[PDB]
Amino acid sequence: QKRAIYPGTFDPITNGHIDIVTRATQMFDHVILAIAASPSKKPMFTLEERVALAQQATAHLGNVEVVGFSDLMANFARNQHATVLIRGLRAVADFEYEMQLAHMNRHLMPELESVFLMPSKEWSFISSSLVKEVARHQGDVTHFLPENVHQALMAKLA
Amino acid sequence: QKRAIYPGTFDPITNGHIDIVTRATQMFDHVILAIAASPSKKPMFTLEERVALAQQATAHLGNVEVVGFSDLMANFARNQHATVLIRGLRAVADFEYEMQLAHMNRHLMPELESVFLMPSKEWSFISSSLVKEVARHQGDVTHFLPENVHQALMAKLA
Amino acid sequence: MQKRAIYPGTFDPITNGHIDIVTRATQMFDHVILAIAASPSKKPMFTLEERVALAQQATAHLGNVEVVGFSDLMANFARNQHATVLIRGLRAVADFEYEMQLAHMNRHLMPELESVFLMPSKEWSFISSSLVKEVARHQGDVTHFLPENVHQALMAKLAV
Amino acid sequence: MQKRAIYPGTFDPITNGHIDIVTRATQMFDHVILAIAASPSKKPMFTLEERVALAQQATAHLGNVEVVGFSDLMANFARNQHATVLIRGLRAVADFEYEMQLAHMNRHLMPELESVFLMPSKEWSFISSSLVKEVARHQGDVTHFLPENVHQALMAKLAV
Amino acid sequence: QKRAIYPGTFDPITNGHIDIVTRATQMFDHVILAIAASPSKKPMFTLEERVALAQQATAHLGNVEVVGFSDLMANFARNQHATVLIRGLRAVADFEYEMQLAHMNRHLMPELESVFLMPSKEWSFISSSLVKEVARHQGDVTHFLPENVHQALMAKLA
Amino acid sequence: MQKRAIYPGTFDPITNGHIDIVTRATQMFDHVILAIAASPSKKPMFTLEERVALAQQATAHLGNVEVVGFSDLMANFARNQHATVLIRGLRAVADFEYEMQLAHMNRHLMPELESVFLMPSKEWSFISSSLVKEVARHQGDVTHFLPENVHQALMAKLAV
Ligand SMILES: Cc1cc(Nc2ccc(C)c(Cl)c2)[n+]2nc(Cc3ccccc3)[nH]c2n1
Ligand SMILES: Cc1cc(Nc2ccc(C)c(Cl)c2)[n+]2nc(Cc3ccccc3)[nH]c2n1
Ligand SMILES: Cc1cc(Nc2ccc(C)c(Cl)c2)[n+]2nc(Cc3ccccc3)[nH]c2n1
């Protein structure tokens, strides 16, 4: 049984994240979508909210398990028995910072292999930050988010 | 009559911004220099100050209109009847984030065409952030700002 | 203002990404010259005559586009055409550094010509004529990336 | 899941960076095909027969690797091999834009094939087969970058 | 006597910084490791702490002098009689922002030549920010820091 | 310290950007060798003899520059010249990834040689010898980018 972890802040989870996790479930037996608490990022949604949103957004995928964590990423991957670490790559600016994290995760857990997947062209220019910025200005972001997430974001900003 | 919008935080407007807006006025009949309130960026100058500074800095250009806005960028462009959205491109790091905004603006207003212009080599390595950092340390930034802006920045920091 | 813009390239062959850019250009400028380089520098798959006819058929629906071959520097041609705008397509996969070099050099050669970067649809942001040709030459399906007339001419060229 | 992955390239010659990537791939997928392109497009230093034998000897210690030559598009070969994973090595010096083009094109040609980017050790993150060949051709020491069998074959090729 | 300045926030100084300063001492007669106060960055260590840490971390290098500063970087270089300004370059994302600072420093002090050095592959994927993030999550960062710095970081976070 | 630095390149032809870099290098090191690669690998516009004479005339005003041709790897030549500094120009349009590969490879070949990246004036940050040659070959004005002796020699070369 191959177990992969897809960690991130997911504040909130977008269609780009759904795309990545869906690709991951087609490749690995079990995928842990791991939501980092990330207090330094001052997230819009609490960890509990982010977990609830991602669980509903991924309920259609049978081999996904959504879990929150505040640990060091490498320790949490070891403790979940994961040997693959999934990250999405949309652009060059992502790639450079992604390399630092992957080399650090390799130093901390050499058997955890980092994998980068590329999202659909449809989601190649979006991010949670961008979607929140548009939504803060009352712009329509229904296209970019799961239904439950879009409702939660509208409600949070109301 | 072709109407172009050149939006930004302009905190404060620099010679690089003047270069871009001047190129835009040579290409389009009317240019709206649109200053975003941008409270999340915690700007050094108030929106009212930024508008006043840009109006004086662009007074020599007959077909420029300076306007502040707090709306979604795409809604403000529609409401100004603009069909061109101007942005400057100085480097690769700009380009990637510029692409996200342009694809988002296209989703929100498909008839608003994003245009990128390249500033003079003279202003290719400056930014409002960099000019403010130098000025906070009492470094001479007269070369990079319109006269009225340089006075305002010295006064603000005094 | 009655602006004349130039959209230069080798267009070997013209793709849906090029049609997207030129269409956007026609919505913002009064006259767009789709300027096809004679460029035997990197031996093109289609000859200049083929490239021009294909681009004319593929842009025939755009009333303010004129397709013209040129053999000089793109700035020398823009000057002779009285163009004041130079259209460059900026894909997510473009060599931005090259575009910077080109634009600063064009500005030195012809300061009255302004380089304007337009962005294609996300659909065409990850392709190039080079990639399309190599895929087609190596028996891959490129139908989606090309105008129908171009696809028919490309199949004919690869058959021989 | 019994995954079949493909790791394509020219492998002219196979380097320690390629061995690093294929080793990582064998730890995550059940079967990895190290797919060597016939590619006389940019006249390779080693012939296809040489490239295959070198890669077999250099990966002989990996039980789930199969070295196979191919002359078609990498997607046409992946399809015929029933591979659903395409391995790409991502060095700190890789052309990320090219990798994006390639992956989106491979996805168009074969949607059921997923591109997977793996990162080599920092030790091999700043090399390329091209750089290694040019250094070796110009009398520089490349012993550190190659498997011993490859280093012996490269010295033999440069001697003539 | 050629004098080079190697300025930075050094919050805290890492093995990557030690690598750069060591390369600089092999090339120039005297190297000033100059620690910027950087209050806008809200540093984890005080300037006094950062200076003490870097002095101990570089004590083995005879031609290094560690000095704190709050001045404009170019004025401090002039006042130290430096004619070379050293900066490390690990990646493309560094390079673009490094170019802006170097062109600004050249405008402010044309005789101060910026030099970029490349660290060892060993430290090409680390940064003070990354090391602090790992350490905040109790991850082992002994590999990336001088002994005295690692102790100070553990103590600061305890 | 009495440092010897090497500034290698093809210098085909030497431009104002190269003069800017070598001038900056002479202000920081005691002796700078402007090292001209014999490089017939990508058939140069000027021969090695032409490239050397042009670079000597163009740097004659710099007392601590020595112009020397070399045909070996840049590290093998730096070693034989007892250079401990390798100068690389970093333009805003440079291929940073290539510079990283090159520097890490030079460090492997000769650890005692330190790569030093210098930045040219903003005036020359968006040019390359390749761009200058292509513009000049295609009837564009490159006077601004070259030393006067180089401009005269380039016009003579293009006339034939
Ligand atoms: C200024 C300039 C440069 C140049 N080529 C070139 C060379 C080297 C570099 C490093 C760069 Cl950045 C560009 N061309 N090619 C042309 C003619 C042409 C037009 C359209 C497509 C193909 C050819 N016109 C022009 N004008
Ligand atoms: C989709 C595609 C493109 C392509 N070449 C290519 C062309 C142009 C661009 C601008 C890009 Cl991004 C790529 N090749 N080469 C192959 C065959 C092959 C496999 C492994 C190594 C060498 C050759 N297969 C394939 N498949
Ligand atoms: C280490 C090394 C590589 C190399 N060429 C090269 C090859 C491939 C890649 C991908 C890269 Cl990054 C570089 N050359 N060319 C030389 C000789 C020379 C000196 C100056 C200008 C031209 C030629 N010396 C050297 N040393």
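Reminder, nothing fancy here: chain letters follow the sequence lines and each chain counts from 1. Only heavy atoms go into these numbers, but all of them, side chains included; no hydrogens, no water, no symmetry mates. Every number for a ligand or one of its atoms is a count from 1 in the order of the listing.
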Distance check, rounded to the nearest 0.5 Å: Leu34(D) atom CG versus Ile6(D) atom CD1?
9.5 Å
What do we get for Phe126(C) next to ligand 2 when only non-hydrogen atoms under 4.0 Å count, side chain, backbone, both or neither?
neither
May I ask you to check whether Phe70(F) and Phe77(F) place their ring centres under 6.0 Å from each other?
yes
Please state which option from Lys133(F), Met100(C), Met105(C) has its nearest heavy atom closest to atom 1 (C) of ligand 1.
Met105(C)
Are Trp124(F) and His104(C) close enough that their ring centres sit under 6.0 Å apart?
no
What is the nearest protein non-hydrogen atom to atom 18 (C) of ligand 1, stated with its residue, atom name and distance?
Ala37(C) CB, 3.9 Å
Can you tell me if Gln139(C) has over 12 outside heavy atoms packed within less than 6.0 Å of its CD?
no
What are the atoms of ligand 1, with element, lying closer than 4.0 Å to any heavy atom of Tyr98(C)?
6 (C), 9 (C), 11 (C), 12 (Cl), 13 (C)
Does even one non-hydrogen atom of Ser39(F) get within less than 4.0 Å of ligand 3?
no
Near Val135(F), which atoms of ligand 1 are under 4.0 Å from a heavy atom of that residue?
1 (C)
For ligand 3, which atoms sit closer than 4.0 Å to a heavy atom of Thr10(F)?
21 (C), 22 (C)
Roughly how far, to the nearest 0.5 Å, is the CE atom of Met110(D) from the OG atom of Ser115(D)?
10.5 Å
So, for atom 15 (N) of ligand 3, does the protein have a heavy atom nearer than 4.0 Å?
no
Of the listed options (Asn76(C), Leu102(C), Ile36(C), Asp12(C)), which comes nearest to atom 3 (C) of ligand 1 when hydrogens are ignored and any heavy atom counts?
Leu102(C)
Among all protein non-hydrogen atoms, which one is nearest to atom 7 (C) of ligand 1, and what is the separation to 0.1 Å?
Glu134(F) CB, 3.7 Å
Would you confirm whether any non-hydrogen atom of the protein falls under 4.0 Å from atom 24 (N) of ligand 2?
yes
Is the closest heavy-atom distance from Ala75(D) to ligand 2 below 4.0 Å?
no
If you compare all heavy atoms of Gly89(C) against all heavy atoms of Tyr7(C), which two are closest, and at what distance to 0.1 Å?
N-CE1, 4.5 Å
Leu73(C): numbered ligand 1 atoms lying under 4.0 Å from its heavy atoms
2 (C), 24 (N), 25 (C), 26 (N)
Using a 4.0 Å cutoff against the non-hydrogen atoms of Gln101(C), which atoms of ligand 1 qualify?
10 (C), 12 (Cl)
Provide the closest heavy-atom pair for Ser124(B) versus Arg90(B) in the form atom of the first, atom of the second, distance.
O-CB, 3.5 Å
Please list, in number order, the atoms of ligand 3 under 4.0 Å from a heavy atom of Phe70(F).
19 (C)
Among all protein non-hydrogen atoms, which one is nearest to atom 9 (C) of ligand 1, and what is the separation to 0.1 Å?
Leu131(F) CD1, 3.6 Å
I'd like to know whether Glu50(D) forms a side-chain contact (heavy atoms from CB on, under 4.5 Å) with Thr47(D), so could you lay out the CA-CA distance, the side-chain angles of the two residues, the decisive distance to 0.1 Å, and finally the verdict.
CA-CA 5 Å; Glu50(D) 287 172 327; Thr47(D) 63; 3.4 Å; yes
Decide if the gap between the ring center of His151(C) and the ring center of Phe145(C) is smaller than 6.0 angstrom.
no
Going by the order shown, which atoms of ligand 1 are within less than 4.0 Å of some heavy atom of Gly9(C)?
20 (C), 21 (C)
Strictly below 4.0 Å, N to O, side chains only: are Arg107(C) and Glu114(C) in salt-bridge contact?
yes
For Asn106(C), the ligand 1 atoms with a heavy-atom partner under 4.0 Å come out as 1 (C)
Rounded to the nearest 0.5 Å, what separates atom NE2 in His138(C) from atom CG in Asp72(D)?
9.5 Å
